[PDB]
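*Asks:* One file: upload.tsv (TSV, C-alpha atoms and all ligand atoms).
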chain	number	residue	atom	x	y	z
N	229	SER	CA	130.14	87.99	104.85
N	230	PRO	CA	129.17	84.88	102.84
N	231	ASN	CA	129.69	81.15	103.19
N	232	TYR	CA	132.84	79.38	101.97
N	233	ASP	CA	134.39	82.44	100.25
N	234	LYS	CA	134.43	86.27	100.26
N	235	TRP	CA	131.59	86.71	97.73
N	236	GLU	CA	131.30	83.23	96.22
N	237	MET	CA	128.06	81.50	97.09
N	238	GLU	CA	127.65	77.78	96.55
N	239	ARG	CA	124.37	77.25	94.63
N	240	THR	CA	123.55	75.14	97.71
N	241	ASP	CA	123.49	77.82	100.42
N	242	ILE	CA	120.47	79.38	98.73
N	243	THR	CA	117.02	77.79	98.62
N	244	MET	CA	115.05	79.42	95.79
N	245	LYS	CA	111.43	80.31	96.59
N	246	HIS	CA	109.72	81.75	93.47
N	247	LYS	CA	109.86	84.19	90.55
N	248	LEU	CA	109.37	87.89	91.26
N	249	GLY	CA	110.55	89.58	88.02
N	250	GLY	CA	111.19	89.45	84.18
N	254	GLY	CA	116.29	88.59	83.38
N	255	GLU	CA	114.60	86.61	86.16
N	256	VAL	CA	114.77	87.56	89.81
N	257	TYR	CA	113.68	85.23	92.58
N	258	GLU	CA	113.15	85.37	96.34
N	259	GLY	CA	115.19	82.84	98.23
N	260	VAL	CA	116.40	81.95	101.66
N	261	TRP	CA	120.11	82.04	102.39
N	262	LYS	CA	120.75	79.27	104.89
N	263	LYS	CA	123.89	80.27	106.83
N	264	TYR	CA	121.70	83.02	108.31
N	265	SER	CA	118.20	81.95	107.22
N	266	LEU	CA	117.99	85.37	105.69
N	267	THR	CA	115.52	86.05	102.92
N	268	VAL	CA	117.43	87.29	99.91
N	269	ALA	CA	116.70	88.43	96.40
N	270	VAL	CA	118.38	86.52	93.61
N	271	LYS	CA	118.93	88.03	90.18
N	272	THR	CA	119.43	85.44	87.43
N	273	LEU	CA	120.94	85.56	83.96
N	274	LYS	CA	119.24	84.31	80.78
N	275	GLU	CA	121.36	81.14	80.25
N	276	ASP	CA	122.18	82.05	76.63
N	277	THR	CA	123.00	85.66	75.74
N	278	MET	CA	126.56	87.05	75.56
N	279	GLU	CA	126.07	88.64	78.99
N	280	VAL	CA	128.43	86.66	81.24
N	281	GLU	CA	130.75	89.66	80.93
N	282	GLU	CA	128.10	92.39	80.99
N	283	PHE	CA	125.86	90.74	83.58
N	284	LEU	CA	128.86	90.23	85.89
N	285	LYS	CA	129.92	93.90	85.68
N	286	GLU	CA	126.89	94.79	87.82
N	287	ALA	CA	127.99	92.49	90.64
N	288	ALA	CA	131.35	94.23	90.50
N	289	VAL	CA	130.19	97.81	90.76
N	290	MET	CA	128.40	96.59	93.90
N	291	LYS	CA	131.29	94.94	95.75
N	292	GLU	CA	132.75	98.43	95.93
N	293	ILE	CA	129.90	100.41	97.51
N	294	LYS	CA	128.25	99.97	100.95
N	295	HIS	CA	125.69	102.48	102.23
N	296	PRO	CA	122.49	102.01	104.34
N	297	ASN	CA	120.24	103.25	101.52
N	298	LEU	CA	121.80	101.32	98.73
N	299	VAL	CA	120.64	97.72	98.30
N	300	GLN	CA	123.37	95.45	99.63
N	301	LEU	CA	125.16	92.87	97.54
N	302	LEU	CA	125.58	89.65	99.52
N	303	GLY	CA	127.20	87.34	97.01
N	304	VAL	CA	127.47	85.97	93.49
N	305	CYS	CA	127.55	82.60	91.70
N	306	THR	CA	130.01	82.49	88.85
N	307	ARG	CA	131.89	79.19	88.51
N	308	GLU	CA	128.93	77.38	86.82
N	309	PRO	CA	125.63	78.45	85.21
N	310	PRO	CA	123.05	79.83	85.86
N	311	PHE	CA	124.79	82.89	87.17
N	312	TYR	CA	123.30	84.43	90.30
N	313	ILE	CA	123.76	87.70	92.06
N	314	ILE	CA	122.40	87.67	95.61
N	315	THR	CA	121.37	90.78	97.57
N	316	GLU	CA	119.35	91.77	100.63
N	317	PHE	CA	115.61	91.39	100.21
N	318	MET	CA	113.27	94.38	100.32
N	319	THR	CA	109.83	93.06	101.38
N	320	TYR	CA	107.65	95.82	99.87
N	321	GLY	CA	109.12	95.95	96.38
N	322	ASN	CA	109.69	98.95	94.14
N	323	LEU	CA	108.76	102.48	95.19
N	324	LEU	CA	106.71	103.36	92.13
N	325	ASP	CA	104.33	100.47	92.65
N	326	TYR	CA	104.20	100.97	96.42
N	327	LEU	CA	103.31	104.60	95.93
N	328	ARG	CA	100.44	103.84	93.58
N	329	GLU	CA	98.87	101.11	95.75
N	330	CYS	CA	99.70	102.71	99.15
N	331	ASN	CA	97.17	104.44	101.39
N	332	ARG	CA	97.55	108.23	101.28
N	333	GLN	CA	96.81	108.48	105.01
N	334	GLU	CA	99.49	106.14	106.29
N	335	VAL	CA	101.74	107.87	103.75
N	336	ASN	CA	101.55	111.51	104.77
N	337	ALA	CA	103.51	114.42	103.34
N	338	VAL	CA	106.45	113.83	105.69
N	339	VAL	CA	106.74	110.19	105.00
N	340	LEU	CA	107.19	111.41	101.47
N	341	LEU	CA	109.81	113.91	102.57
N	342	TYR	CA	111.41	111.09	104.52
N	343	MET	CA	111.75	109.00	101.34
N	344	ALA	CA	113.35	111.81	99.33
N	345	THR	CA	115.89	112.42	102.09
N	346	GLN	CA	116.77	108.73	102.25
N	347	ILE	CA	117.45	108.72	98.51
N	348	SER	CA	119.20	112.10	98.37
N	349	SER	CA	121.51	110.60	100.99
N	350	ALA	CA	122.45	107.53	98.92
N	351	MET	CA	123.29	109.85	96.04
N	352	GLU	CA	125.61	112.16	98.01
N	353	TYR	CA	127.47	108.99	98.96
N	354	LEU	CA	127.49	107.73	95.42
N	355	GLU	CA	128.56	111.22	94.29
N	356	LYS	CA	131.66	111.09	96.53
N	357	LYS	CA	132.64	107.50	95.60
N	358	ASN	CA	132.30	108.98	92.10
N	359	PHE	CA	129.69	106.60	90.66
N	360	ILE	CA	126.82	107.31	88.31
N	361	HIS	CA	123.52	105.42	88.58
N	362	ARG	CA	122.63	105.51	84.91
N	363	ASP	CA	118.94	104.73	85.63
N	364	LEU	CA	117.62	106.54	88.68
N	365	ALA	CA	113.80	106.44	89.03
N	366	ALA	CA	111.08	105.09	91.35
N	367	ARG	CA	110.88	101.69	89.56
N	368	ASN	CA	114.47	101.12	90.78
N	369	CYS	CA	114.06	102.13	94.42
N	370	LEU	CA	113.00	99.39	96.87
N	371	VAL	CA	111.03	99.58	100.09
N	372	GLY	CA	111.28	98.04	103.53
N	373	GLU	CA	109.64	98.35	106.91
N	374	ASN	CA	108.21	101.67	108.00
N	375	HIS	CA	108.88	103.37	104.63
N	376	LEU	CA	112.63	102.65	104.51
N	377	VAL	CA	113.81	103.23	100.96
N	378	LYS	CA	116.82	101.78	99.19
N	379	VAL	CA	118.21	102.65	95.76
N	380	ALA	CA	118.76	99.60	93.54
N	381	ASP	CA	119.36	98.41	89.94
N	382	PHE	CA	122.99	99.16	89.14
N	383	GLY	CA	122.88	97.68	85.66
N	384	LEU	CA	123.88	100.81	83.80
N	385	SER	CA	125.93	101.89	86.79
N	386	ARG	CA	129.47	102.99	85.99
N	387	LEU	CA	132.38	103.79	88.20
N	388	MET	CA	134.21	106.60	86.44
N	389	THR	CA	137.58	108.19	85.69
N	390	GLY	CA	136.85	111.35	83.71
N	391	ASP	CA	133.69	113.30	84.58
N	392	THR	CA	131.66	112.24	81.54
N	393	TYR	CA	130.69	108.79	80.27
N	394	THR	CA	129.75	108.30	76.63
N	395	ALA	CA	127.04	105.64	76.44
N	396	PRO	CA	127.59	103.10	73.63
N	397	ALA	CA	125.98	104.58	70.53
N	398	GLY	CA	122.70	103.31	69.16
N	399	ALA	CA	120.98	102.83	72.49
N	400	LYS	CA	117.50	103.29	73.91
N	401	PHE	CA	116.93	104.89	77.29
N	402	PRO	CA	114.02	106.13	79.50
N	403	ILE	CA	113.36	109.44	77.77
N	404	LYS	CA	111.46	111.30	80.52
N	405	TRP	CA	114.20	110.58	83.14
N	406	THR	CA	117.14	111.29	80.80
N	407	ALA	CA	118.88	114.70	80.69
N	408	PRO	CA	119.30	116.82	77.50
N	409	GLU	CA	123.09	116.44	77.17
N	410	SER	CA	122.56	112.68	77.35
N	411	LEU	CA	119.50	112.30	75.12
N	412	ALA	CA	121.43	114.22	72.50
N	413	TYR	CA	125.10	113.26	72.96
N	414	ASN	CA	124.90	109.91	74.76
N	415	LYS	CA	127.05	111.43	77.49
N	416	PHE	CA	126.15	110.61	81.06
N	417	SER	CA	127.53	112.30	84.18
N	418	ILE	CA	126.87	112.60	87.90
N	419	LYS	CA	124.79	115.52	86.64
N	420	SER	CA	122.59	113.20	84.64
N	421	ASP	CA	121.52	111.68	87.94
N	422	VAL	CA	120.78	115.09	89.40
N	423	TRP	CA	118.40	115.63	86.46
N	424	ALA	CA	116.73	112.26	87.06
N	425	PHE	CA	116.54	112.79	90.81
N	426	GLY	CA	114.56	115.84	89.85
N	427	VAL	CA	112.11	113.50	88.16
N	428	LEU	CA	112.18	110.93	90.96
N	429	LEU	CA	110.95	113.73	93.26
N	430	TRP	CA	108.14	114.53	90.87
N	431	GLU	CA	107.24	110.84	90.82
N	432	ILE	CA	107.14	110.63	94.62
N	433	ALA	CA	105.28	113.94	95.03
N	434	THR	CA	102.51	112.86	92.65
N	435	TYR	CA	102.19	109.57	94.50
N	436	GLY	CA	103.41	107.64	91.49
N	437	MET	CA	102.40	109.35	88.27
N	438	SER	CA	104.06	109.05	84.89
N	439	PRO	CA	106.38	112.02	84.09
N	440	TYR	CA	105.33	114.80	81.64
N	441	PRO	CA	101.80	113.27	81.80
N	442	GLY	CA	99.97	113.14	78.51
N	443	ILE	CA	103.05	114.13	76.60
N	444	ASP	CA	104.65	111.74	74.14
N	445	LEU	CA	108.27	110.51	74.31
N	446	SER	CA	109.16	112.06	70.97
N	447	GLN	CA	108.04	115.48	72.15
N	448	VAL	CA	110.01	115.71	75.38
N	449	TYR	CA	113.42	116.97	74.17
N	450	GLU	CA	112.18	119.62	71.73
N	451	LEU	CA	109.95	120.73	74.58
N	452	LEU	CA	112.79	120.96	77.08
N	453	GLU	CA	114.63	123.12	74.55
N	454	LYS	CA	111.74	125.56	74.33
N	455	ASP	CA	112.13	125.73	78.13
N	456	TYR	CA	109.13	123.61	79.08
N	457	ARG	CA	109.25	121.92	82.48
N	458	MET	CA	106.57	120.12	84.52
N	459	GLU	CA	104.46	122.23	86.88
N	460	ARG	CA	104.34	122.04	90.70
N	461	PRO	CA	102.55	118.83	91.84
N	462	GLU	CA	99.59	119.43	94.14
N	463	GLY	CA	100.27	119.67	97.85
N	464	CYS	CA	103.95	119.95	96.96
N	465	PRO	CA	105.85	122.58	99.00
N	466	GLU	CA	107.14	125.40	96.79
N	467	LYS	CA	110.42	124.81	98.60
N	468	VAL	CA	110.75	121.31	97.14
N	469	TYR	CA	109.51	122.27	93.69
N	470	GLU	CA	112.05	125.07	93.63
N	471	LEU	CA	114.63	122.28	94.07
N	472	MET	CA	113.32	120.23	91.13
N	473	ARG	CA	113.88	123.16	88.78
N	474	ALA	CA	117.42	123.35	90.03
N	475	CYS	CA	117.80	119.74	88.97
N	476	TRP	CA	116.28	120.59	85.62
N	477	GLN	CA	118.64	123.33	84.48
N	478	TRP	CA	119.50	123.01	80.82
N	479	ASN	CA	123.18	123.47	81.57
N	480	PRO	CA	124.43	120.53	83.67
N	481	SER	CA	126.87	123.01	85.21
N	482	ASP	CA	124.01	124.99	86.83
N	483	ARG	CA	122.52	121.96	88.56
N	484	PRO	CA	123.09	121.54	92.29
N	485	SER	CA	125.11	118.60	93.57
N	486	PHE	CA	123.83	115.71	95.63
N	487	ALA	CA	125.82	117.08	98.56
N	488	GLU	CA	123.86	120.36	98.37
N	489	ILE	CA	120.66	118.45	97.68
N	490	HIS	CA	120.97	116.11	100.67
N	491	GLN	CA	121.75	119.16	102.79
N	492	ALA	CA	118.54	120.80	101.60
N	493	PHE	CA	116.53	117.84	102.93
N	494	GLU	CA	118.51	116.64	105.99
N	495	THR	CA	118.25	120.25	107.17
N	496	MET	CA	114.48	120.51	106.72
N	497	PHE	CA	115.60	123.36	104.43
N	498	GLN	CA	118.27	125.61	105.92
N	499	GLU	CA	120.80	125.51	103.07
N	500	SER	CA	121.89	126.94	99.51
N	501	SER	CA	120.10	126.17	96.10
N	502	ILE	CA	118.83	129.63	95.13
Z	104	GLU	CA	102.73	103.54	78.44
Z	105	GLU	CA	106.20	103.01	76.91
Z	106	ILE	CA	109.26	104.10	78.88
Z	107	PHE	CA	112.38	103.37	76.86
Z	108	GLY	CA	113.11	104.62	73.34
Z	109	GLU	CA	115.85	106.29	71.30
Z	110	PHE	CA	116.20	110.01	70.47
Z	111	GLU	CA	116.36	111.65	67.03
F	1	LIG	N1	116.36	93.28	96.53
F	1	LIG	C1	115.05	93.10	96.11
F	1	LIG	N2	114.05	92.88	97.00
F	1	LIG	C2	112.78	92.71	96.61
F	1	LIG	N3	112.45	92.74	95.32
F	1	LIG	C3	113.38	92.95	94.36
F	1	LIG	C4	114.73	93.14	94.73
F	1	LIG	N4	115.43	93.33	93.59
F	1	LIG	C5	114.62	93.27	92.58
F	1	LIG	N5	113.34	93.03	93.00
F	1	LIG	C6	112.15	92.89	92.17
F	1	LIG	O1	112.49	92.25	90.92
F	1	LIG	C7	111.63	92.77	89.90
F	1	LIG	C8	112.41	92.81	88.56
F	1	LIG	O2	111.73	93.63	87.58
F	1	LIG	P1	112.52	93.55	86.18
F	1	LIG	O3	112.01	92.37	85.43
F	1	LIG	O4	114.12	93.36	86.44
F	1	LIG	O5	112.24	94.89	85.28
F	1	LIG	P2	111.21	95.95	86.01
F	1	LIG	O6	111.78	96.44	87.30
F	1	LIG	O7	111.00	97.23	85.03
F	1	LIG	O8	109.79	95.24	86.27
F	1	LIG	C9	111.18	94.18	90.37
F	1	LIG	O9	109.78	94.36	90.16
F	1	LIG	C10	111.54	94.25	91.85
F	1	LIG	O10	110.37	94.51	92.64
Please express what this file holds, its structure, as C-alpha cells.
Ligand SMILES: Nc1ncnc2c1ncn2[C@@H]1O[C@H](COP(=O)(O)OP(=O)(O)O)[C@@H](O)[C@H]1O
*Replies:*
Amino acid sequence: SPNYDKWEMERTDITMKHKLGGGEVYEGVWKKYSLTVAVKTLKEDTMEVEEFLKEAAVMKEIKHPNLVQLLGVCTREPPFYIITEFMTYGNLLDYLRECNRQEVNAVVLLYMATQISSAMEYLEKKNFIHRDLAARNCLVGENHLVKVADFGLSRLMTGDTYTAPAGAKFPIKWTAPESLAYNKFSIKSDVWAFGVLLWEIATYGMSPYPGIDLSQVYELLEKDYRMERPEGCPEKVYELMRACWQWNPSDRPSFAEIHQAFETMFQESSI
Amino acid sequence: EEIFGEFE
C-alpha cells in the first residue's frame, strides 16, 4: 500500500534515521503514514542489482502475520532500497541473550516457537524455502511477538529440491546433512534448521553444538551424534527436535505437523 | 565464534 506506485517508493517518502546493520540497514520513517520502517541498502558497487533485487521479489509474493512485511522498494536510481516493517526489539538471538529470564518464562518461549512454526507451515504451503532459518534472522516486537525475516537465500521452487550454486559457504551448525554434502536444499532443510532454532530458543540463546568445531559437525552427525536435551526443556519438545534431526530428510516431520504439535499444546502426531 | 564455512 505505498505512495505513488504499487511497490515503488520515491527516495523522498522515507526519512532515514541511522545505521543499524552491516549490506547496510537503516531505521527510517515513512511519511505517508509516519510509520517507522527498516530500510535495507545495497553496497553501491557489487554486481548485486540482480541478486539483491531477487529478495524484494520473493517478498512481494508472501504475506503472513509472522513473516516480516515488505512495504516497498527503490529501483529506478541508486542506492537501491528495500523497505519493510520495523521490529523494535531486533533479532531473537540477541534479545534472548540480553533478556530477563523472569519476564521471559517457559511459556513465552513456547509462544515464540509456535509463532515461528506457524510462519513455516504457511511458507511450506506457498512452497518456499527459507535457506537460512535461525534466531539471528527472527525479529521481535511488543510483548514477545516474533517475526521470521532475512529472505536472502530464500527461493520459491518448482521441483522439490534446490541445488545451491557450487563452491559456497553456509552456516554449518544449522545446515542439514544432504545439503552440507550435496548442496541440495529443500523444505526439509528448514525442518532441520527449525530443529536448531528450537535448541537456540530453549537454551536462551546459546551457540549450537557448544564447544564443538565446525569441521567436526558433519562427521559427528554421521556417527549419529545429536545435541542433548537443554535444561528445563520439556521432553515433549526435545522429542520434536530429534524428529527434525533425522538423517533421512524423508523421516522428518512437516511444518504442518510441527505447527500442529505446538498450536495444540501437544495433542498431535510426531512419534 | 565463526558461523559460516564450507564443507569437505
Ligand atoms: N525489519 C527490521 N526491524 C528491525 N531491525 C532490523 C530489521 N531488519 C533487519 N534489522 C537489523 O539489521 C541488522 C543487519 O545485520 P546484518 O548486517 O544484515 O548481518 P547480521 O544479522 O548477521 O548482523 C540486524 O542486526 C537486524 O537487527
*Asks:* Counting only C-alpha atoms, find the residues whose atoms lie at most 10 Å from (115.7, 109.0, 65.0) (file coordinates) and write them out as a list in words.
*Replies:*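 Counting only C-alpha atoms, I find these residues within 10 Å of (115.7, 109.0, 65.0): residues 398 and 446 of chain N; 108, 109, 110 and 111 of chain Z.
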*Asks:* Show me which residues are within 10 Å of ligand LIG 1 (chain F) counting only C-alpha atoms and all ligand atoms, and format the list as a PyMOL selection string.
*Replies:* (chain N and resi 247-250+254-258+267-272+298-301+314-326+366-372+378-381+383) or (chain Z and resi 106)
*Asks:* Give the residues of chain N that lie within 8 Å of chain Z; count all atoms listed in the file, and format the answer as number ranges by chain.
*Replies:* N: 398-404, 411-412, 445-446
*Asks:* As a list in words, please: the residues near residue 494 in chain N (cut-off 12 Å, all atoms listed in the file, same-chain neighbours under 4 positions excluded).
*Replies:*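 Surrounding residues, per the criterion: residues 341, 342, 343, 344, 345, 346, 347, 348, 349, 352, 486, 487, 488, 489, 490, 498 and 499 of chain N.
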*Asks:* Quick one: write out the picked residues with C-alpha atoms as a JSON list (two decimals), in the coordinates of the input?
*Replies:*
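part-v2.json was written with the following content:
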[["chain", "number", "residue", "atom", "x", "y", "z"],
["N", 341, "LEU", "CA", 109.81, 113.91, 102.57],
["N", 342, "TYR", "CA", 111.41, 111.09, 104.52],
["N", 343, "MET", "CA", 111.75, 109.00, 101.34],
["N", 344, "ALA", "CA", 113.35, 111.81, 99.33],
["N", 345, "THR", "CA", 115.89, 112.42, 102.09],
["N", 346, "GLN", "CA", 116.77, 108.73, 102.25],
["N", 347, "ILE", "CA", 117.45, 108.72, 98.51],
["N", 348, "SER", "CA", 119.20, 112.10, 98.37],
["N", 349, "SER", "CA", 121.51, 110.60, 100.99],
["N", 352, "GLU", "CA", 125.61, 112.16, 98.01],
["N", 486, "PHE", "CA", 123.83, 115.71, 95.63],
["N", 487, "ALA", "CA", 125.82, 117.08, 98.56],
["N", 488, "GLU", "CA", 123.86, 120.36, 98.37],
["N", 489, "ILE", "CA", 120.66, 118.45, 97.68],
["N", 490, "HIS", "CA", 120.97, 116.11, 100.67],
["N", 498, "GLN", "CA", 118.27, 125.61, 105.92],
["N", 499, "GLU", "CA", 120.80, 125.51, 103.07]]
*Asks:* To one decimal place, how far is CA of residue 382 in chain N from CA of residue 471 in chain N in Å?
*Replies:* 25.1 Å
*Asks:* When you draw a straight line from CA of residue 421 in chain N to CA of residue 390 in chain N, how long is it in Å?
*Replies:* 15.9 Å
*Asks:* Find the distance between CA of residue 422 in chain N and CA of residue 285 in chain N and write it in Å to one decimal.
*Replies:*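 If I compute the distance from CA of residue 422 in chain N to CA of residue 285 in chain N, I get 23.4 Å.
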*Asks:* Kindly indicate which residue among N:359, N:430, N:312, N:449 lies nearest to residue 409 in chain N, using only C-alpha atoms for the distances.
*Replies:*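 Closest residue, counting only C-alpha atoms: N:449.
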*Asks:* Please work out which residues fall within 12 Å of (124.5, 122.0, 92.4), coordinates as given in the file, with only C-alpha atoms counting, and return them as a count of residues only.
*Replies:* 34
*Asks:* Name the closest residue to residue 462 in chain N among the candidates N:416, N:440, N:435, N:405; distances are taken between atoms, counting all atoms listed in the file.
*Replies:*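 Ranking N:416, N:440, N:435, N:405 by distance to residue 462 in chain N, first place goes to N:435.
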*Asks:* Would you mind telling me which residue in N:274, N:234, N:332, N:291 lies nearest to residue 434 in chain N when using all atoms listed in the file?
*Replies:*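 Counting all atoms listed in the file, the residue closest to residue 434 in chain N is N:332.
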*Asks:* May I ask which of the residues N:454, N:294, N:460, N:386 is the closest one to residue 478 in chain N, counting all atoms listed in the file?
*Replies:*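 Once distances to residue 478 in chain N are computed over all atoms listed in the file, the minimum belongs to N:454.
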*Asks:* Please determine, counting only C-alpha atoms, which residue among N:305, N:458, N:432, N:351 has the shortest atom-to-atom distance to residue 339 in chain N.
*Replies:*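 Nearest candidate to residue 339 in chain N out of N:305, N:458, N:432, N:351: N:432.
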*Asks:* Output requested as a PDB file, keeping the file's coordinate frame - chain Z, filled out with N, CA and C atoms.
*Replies:*
ATOM      1  N   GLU Z 104     102.131 103.069  79.718  1.00  0.00           N
ATOM      2  CA  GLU Z 104     102.730 103.540  78.440  1.00  0.00           C
ATOM      3  C   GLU Z 104     104.128 102.949  78.224  1.00  0.00           C
ATOM      4  N   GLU Z 105     104.845 103.470  77.223  1.00  0.00           N
ATOM      5  CA  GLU Z 105     106.200 103.010  76.910  1.00  0.00           C
ATOM      6  C   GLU Z 105     107.234 103.953  77.526  1.00  0.00           C
ATOM      7  N   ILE Z 106     108.210 103.359  78.192  1.00  0.00           N
ATOM      8  CA  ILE Z 106     109.260 104.100  78.880  1.00  0.00           C
ATOM      9  C   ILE Z 106     110.478 104.383  78.006  1.00  0.00           C
ATOM     10  N   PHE Z 107     111.164 103.304  77.650  1.00  0.00           N
ATOM     11  CA  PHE Z 107     112.380 103.370  76.860  1.00  0.00           C
ATOM     12  C   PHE Z 107     112.143 103.778  75.403  1.00  0.00           C
ATOM     13  N   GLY Z 108     113.209 104.189  74.727  1.00  0.00           N
ATOM     14  CA  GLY Z 108     113.110 104.620  73.340  1.00  0.00           C
ATOM     15  C   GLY Z 108     114.337 105.430  72.996  1.00  0.00           C
ATOM     16  N   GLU Z 109     114.667 105.533  71.712  1.00  0.00           N
ATOM     17  CA  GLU Z 109     115.850 106.290  71.300  1.00  0.00           C
ATOM     18  C   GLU Z 109     115.476 107.705  70.846  1.00  0.00           C
ATOM     19  N   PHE Z 110     116.446 108.623  70.865  1.00  0.00           N
ATOM     20  CA  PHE Z 110     116.200 110.010  70.470  1.00  0.00           C
ATOM     21  C   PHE Z 110     116.739 110.360  69.082  1.00  0.00           C
ATOM     22  N   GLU Z 111     115.989 111.200  68.373  1.00  0.00           N
ATOM     23  CA  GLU Z 111     116.360 111.650  67.030  1.00  0.00           C
ATOM     24  C   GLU Z 111     115.883 113.093  66.809  1.00  0.00           C
TER      25      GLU Z 111
END
